[PDB]
Every structure is written in C-alpha cells, then in structure tokens.
Amino acid sequence: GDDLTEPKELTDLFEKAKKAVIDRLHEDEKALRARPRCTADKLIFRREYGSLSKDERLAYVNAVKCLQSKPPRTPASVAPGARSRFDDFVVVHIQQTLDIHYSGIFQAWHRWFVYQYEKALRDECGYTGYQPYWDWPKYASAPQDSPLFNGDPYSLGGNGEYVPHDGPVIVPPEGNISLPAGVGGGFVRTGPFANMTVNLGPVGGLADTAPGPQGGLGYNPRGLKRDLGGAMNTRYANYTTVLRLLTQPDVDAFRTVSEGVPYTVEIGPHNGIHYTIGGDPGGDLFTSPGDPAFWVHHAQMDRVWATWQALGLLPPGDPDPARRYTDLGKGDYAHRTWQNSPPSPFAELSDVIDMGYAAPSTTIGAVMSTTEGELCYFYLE
Ligand SMILES: *[C@@H]1O[C@H](CO)[C@@H](O[C@@H]2O[C@H](CO)[C@@H](O)[C@H](O)[C@H]2NC(C)=O)[C@H](O)[C@H]1NC(C)=O
Ligand SMILES: *[C@@H]1O[C@H](CO)[C@@H](O)[C@H](O)[C@H]1NC(C)=O
Ligand SMILES: *[C@@H]1O[C@H](CO)[C@@H](O)[C@H](O)[C@H]1NC(C)=O
Ligand SMILES: [Cu+2]
Ligand SMILES: [Cu+2]
C-alpha cells in the first residue's frame, strides 16, 4: 500500500544527496588542483539490478561465475573448503563475523568488502561494469518475481523450491520471536545459479544442514537454497523503512533502525533481507556471502549509508557537514565487540579493516567517504 509505494519525499532525499556529492566533488577537485584521486569525471554510479540491460546483468553473473572458478589465495591449512577467489571472501566473513556485526567497524568493513569483491570481478574476471544493488522496497511484495530472483537467464538464480517449513525463531539466550517463512526453502533450480555448489559453512546448523566440518571452514559442497518471500521483505524493508532510515539524526539512531534491536521483533532491514534470502548459506550469518544475493544486499546497505552521509552535507543537514564522515557513534554498536559484549573500547577511524587473504586491508578512516581514499563511486536511482 502506502509502505510498498515510493513516496516523493524519499525520491527527493536520494536526489538532494546525489547533488550534494557532485557539488562537493566539483569544489574538492578545484581546491586540490589549486595546490585528485576522485573527480566528477571519474565518478561511477552503481545501478539498481533491474535497471541494467540483459547484457549488463549477464556480464555481472558471468564475472561472479568467473570468480567462483579462480583459484583461492586462502591457504588450505586456514580453510580446507575454500576452492575459489569467491570462497576467499566467504572465508574472511566467517572468520570475523563475531567482531564485525553490531560493532563500530560494521558499515565501513562491509563497504570495503563490497568494494574489494567488485574490484576482483573487474581486475581478475574482466567485468566492465560495477556492483549493482537490491532496491529492497521496490520488489518487497515478491522479491522472487523481481529481475534479481525470477530465475530468468539474467537473474542471480530463482527462489529455492517450495518445502514446507516454519519461519525462523529468535531465541533470546541466558521471549521467543517467530518470523514469517518465505515461499521457498529448498534448492535453487532456475537461472544462472541453478544447482550452484556452496563449498563452505554452515557455521550454525540450518533446518536441513548440519554445521559444516572444521567450524564451517572445511569442504562441504552442497546445493544453494533460498527462501525468498514478501513477508520478511515487506515487514522489515519497505519504503517507510528507508525514509525512516535516511531521516535519522545521527549514526547510533541510523544503525538502530538499519540493524534492529537483537532479540526483539524489530530486526531491521539488514537482518530482514538476510532472512528474505534465507536458505543455505543465506540463513547462516557467517557464510551469507556464499550466496551471490549477499552482494546486491550489501550494495543497498552501502547505498542507504552513503546517501544518509551525503544528506549531512546540506544546510541544517549537520552544522559540521564532515560529522557523518568522521562519527562512528557512542552507543552499544559503536565498540570493538558485538553489542559491546564484552565491554571494549570505542571503534576509532584508525582501526584496521582486515580483509585476511581475500583482498588488501585498510582503515575505517580510509572508507568513510565513497569519494575519498581509493573510493570514487555513488549510486544512481
Ligand atoms: C514497513 O516497515 C516498518 C518497519 O521498518 C513496519 O513498521 C512496524 O509495523 C508494526 C505494525 O503492525 C508496528 O507494531 C511497529 O511499531 C512498526 N515498527 C516500526 C519500527 O515502525 C511496517 O509494518 C512495514 N509495513 C508493512 C506493510 O509491513
Ligand atoms: C524457544 O524456541 C526454542 C527452539 O526454537 C525452544 O527449544 C524453546 O523451548 C522455546 N522457548 C519457549 C518458551 O517457547
Ligand atoms: C540440477 O540438479 C538436478 C538434481 O540433480 C538435475 O536433475 C537438474 O537437471 C539440474 N538442473 C540444471 C539446470 O542443471
Ligand atoms: Cu556481514
Ligand atoms: Cu550482512
């Protein structure tokens, strides 16, 4: 209804944000030349998956397949199940999952993760485009019918086949929250990732999968499963969710909407979309990058963060327009530990983003702006 229709208020926020980025890049380029790594000349825009041509979609799909057929950098002793460069990215996410969620590094870490995946597609696999994004609210009633997941030759593969199952149950550790099922739950049998082989994980057990060998870093080849449906997507990632997210006053409020409140009914669009993918390995937070769907999800997470950061450049807008480019927050998610359990120092801009064997490491500070450091991109509506 309301929540499944794109309000003009939201369309305007994306437009104001892109204009702020372009105006600021013009000025910054001139200031630097007067005495430049990113310019409005060099700026690329990541695109909405369904906006790409069939050829552009096919180029993306084939680059991903290429990365799944390139030999790994991860030593066999570190991850016996890593067979490919694609698996190298799964390995580092598995290794660091307990540190890089509900922590100060989460957004910066995942931004650089997506950038390094995109870079490997381009530099190692000859991809000529950029990482597309999953516009969550655009297909919320039926993501399995979208160009991302319709099972056509330009998709990332279809839904898992229907298998009767209950939605996931969140059990608070030392009341229970039952979430709605999608309309899949079995093996993906359509599109380019029909019968895709998943090598690593799961780290957790899933409904139909035992925890994988060597804590999910061993070799466990098995079919891709998904449980796409509108129930989780609609409930947790609609146009009202995105408008609420972009209108938050600071990073701690932003991330409370985005990442939810653990062991409550409000899981946020980040976990909402993870559960929307569901299946195997999407149901396992550790191994979630083992589904190509992960990357269009995290490109959207990055897009909403980068948009929100740019909205800070407007007149009040933040008094210090640099604030959203420097502020890692002061709340429960702003520390070097998951929800600050156990209590740990605040995340700092000087903190290392460790990409393990997958890719070069950097600092949080180096990735706070999509048009600074090595980064020169934004997003197109
Ligand atoms: C769109 O997303 C928002 C969450 O981002 C949903 O909001 C909540 O809905 C229930 C309504 O029954 C309330 O009890 C909660 O207080 C609301 N949560 C928040 C965080 O506002 C909204 O329901 C979603 N729309 C649809 C159609 O599911
Ligand atoms: C919560 O769910 C778990 C497993 O899903 C179950 O074993 C446990 O008993 C449940 N607790 C209650 C009070 O329902
Ligand atoms: C996928 O695997 C099934 C079950 O092994 C097989 O029968 C089917 O032909 C395969 N489909 C594709 C598109 O490869
Ligand atoms: Cu993650
Ligand atoms: Cu994630």
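Atom set for the values below is all heavy atoms of this structure, side chains included, hydrogens, waters and symmetry mates excluded. Numbers here are sequence positions counted from 1.
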Acceptor/donor pairs from residues 154-163 side chains to any protein atom, 3.5 angstrom cut, sequence neighbours excluded:
{"residue": "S155", "atom": "OG", "partner": "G151", "partner atom": "N", "Å": "3.3"}
{"residue": "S155", "atom": "OG", "partner": "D152", "partner atom": "N", "Å": "3.3"}
{"residue": "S155", "atom": "OG", "partner": "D152", "partner atom": "O", "Å": "2.6"}
{"residue": "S155", "atom": "OG", "partner": "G157", "partner atom": "N", "Å": "3.2"}
{"residue": "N159", "atom": "OD1", "partner": "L228", "partner atom": "N", "Å": "2.9"}
{"residue": "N159", "atom": "ND2", "partner": "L228", "partner atom": "O", "Å": "2.9"}

Return all side-chain donor-acceptor pairs below 3.5 angstrom for residues 4-11, not counting sequence neighbours, or 'none' if the list is empty.
{"residue": "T5", "atom": "OG1", "partner": "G1", "partner atom": "O", "Å": "2.5"}
{"residue": "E6", "atom": "OE2", "partner": "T11", "partner atom": "OG1", "Å": "2.5"}
{"residue": "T11", "atom": "OG1", "partner": "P7", "partner atom": "O", "Å": "3.3"}

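The side chain to side chain contact (heavy atoms under 4.5 Å, CB included) check on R324 picks up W308, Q309, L311, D318, with sequence neighbours excluded. Not counting sequence neighbours, the partners of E56 by the side chain to side chain contact (heavy atoms under 4.5 Å, CB included) test are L52, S53. When the ring pair (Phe, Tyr, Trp, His ring centres under 6.0 Å) test is applied to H270, the partners found at least two apart in sequence or on another chain are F106, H274, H297, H298. Under the side chain to side chain contact (heavy atoms under 4.5 Å, CB included) criterion, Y219 pairs with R83, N199, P221, not counting sequence neighbours.
Here the side chain of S51 pairs no donor or acceptor atom with the backbone of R47 at under 3.5 angstrom. Side-chain atoms of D227 come within 3.5 Å of backbone N or O of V183 as a donor-acceptor pair. With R336 contributing its side chain and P345 its backbone, the two residues share no donor-acceptor pair below 3.5 Å. The backbone N or O of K330 lies less than 3.5 Å from a partner atom in the side chain of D252, making a donor-acceptor pair. Looking only at distances, a side-chain donor or acceptor of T234 sits under 3.5 Å from a matching main-chain atom of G230. Between the side chain of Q96 and the main chain of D354, a donor-acceptor pair closer than 3.5 Å is present. Side-chain atoms of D284 come within 3.5 Å of backbone atoms of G204 as a donor-acceptor pair (strictly under, hydrogens ignored). Between the side chain of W112 and the backbone N or O of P360 there is at least one donor-acceptor pair closer than 3.5 Å. Panel note: side chain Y127, backbone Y130; a donor-acceptor pair is recorded below 3.5 Å. Of the possible polar contacts, none joining the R244 side chain to the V257 backbone as a donor-acceptor pair under 3.5 Å is found.
In the hydrophobic clustering of ILVMFWY residues, with side-chain heavy atoms under 4.5 Å counting as a link, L245 and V114 come out together. In terms of hydrophobic clustering, with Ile, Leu, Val, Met, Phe, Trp and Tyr side chains grouped at heavy-atom distances under 4.5 Å, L67 and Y49 are assigned to a common cluster. Cluster membership check: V242 shares its hydrophobic cluster with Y139, using side-chain heavy-atom separations under 4.5 Å among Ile, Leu, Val, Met, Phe, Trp and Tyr. A continuous path of ILVMFWY side-chain contacts below 4.5 Å connects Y263 to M232, so both sit in one hydrophobic cluster. Using a 4.5 Å cut-off between side-chain heavy atoms of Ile, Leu, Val, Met, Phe, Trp and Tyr, with links allowed through other members, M301 and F286 fall into the same hydrophobic cluster.
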Yes or no on side chain to side chain contact (heavy atoms under 4.5 Å, CB included) for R111 and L375, after CA distance, side-chain angles and deciding distance?
CA-CA 10 Å; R111 172 172 284 174; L375 307 182; 4.0 Å; yes

Step-by-step side chain to side chain contact (heavy atoms under 4.5 Å, CB included) determination, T39 to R33
CA-CA 11 Å; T39 60; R33 283 186 194 274; 4.1 Å; yes

Applying side chain to side chain contact (heavy atoms under 4.5 Å, CB included), run through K54 and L58 and close with a yes or a no.
CA-CA 6 Å; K54 294 185 188 326; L58 186 65; over 6 Å; no

If you apply the rule salt bridge (charged side-chain N to carboxylate O under 4.0 Å, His left out), what do you find for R303 with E381, and how did you get there?
CA-CA 10 Å; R303 166 168 180 259; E381 199 78 66; 3.5 Å; yes

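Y379 and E48 share no side-chain donor-acceptor pair at under 3.5 Å. Side-chain atoms of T276 and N233 include no donor-acceptor pair closer than 3.5 Å.
More than 12 heavy atoms of other residues, nucleotides or ligands lie within 6.0 Å of CG in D123, so this atom counts as buried by the packing criterion. By the 6.0 Å contact criterion, OH on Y325 is enclosed, its count of non-hydrogen atoms from other residues, nucleotides or ligands being greater than 12.
Cation-pi contact between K65 and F193: present, with separation from the ring centre below 6.0 Å and deviation from the ring axis of at most 45°. Relative to the ring axis of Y377, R46 places its NZ or CZ within 45° and under 6.0 Å from the centre.
Looking at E124 and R73, a side-chain N of the basic residue comes within less than 4.0 Å of a carboxylate O on the acidic one, giving a salt bridge. For the pair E29 and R24, the salt-bridge criterion is not met [side-chain N within less than 4.0 Å of a carboxylate O].
You'll find the side chain of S103 stays beyond 4.5 Å of the side chain of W109, heavy atoms only.
Taking all atoms of both residues into account, the shortest heavy-atom contact from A293 to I277 is CB-CD1, 3.8 Å. Heavy atoms only, all atoms of each residue included: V92 and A358 are closest at CG1-CB, 4.0 Å. In terms of heavy-atom proximity, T264 sits nearest to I177 at C-CD1, 3.3 Å.
Atom-to-atom distance recorded for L121:CG and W295:CH2 is 9.0 Å, nearest 0.5 angstrom.
In this structure, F89 has its ring center at least 6.0 angstrom away from the ring center of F294.
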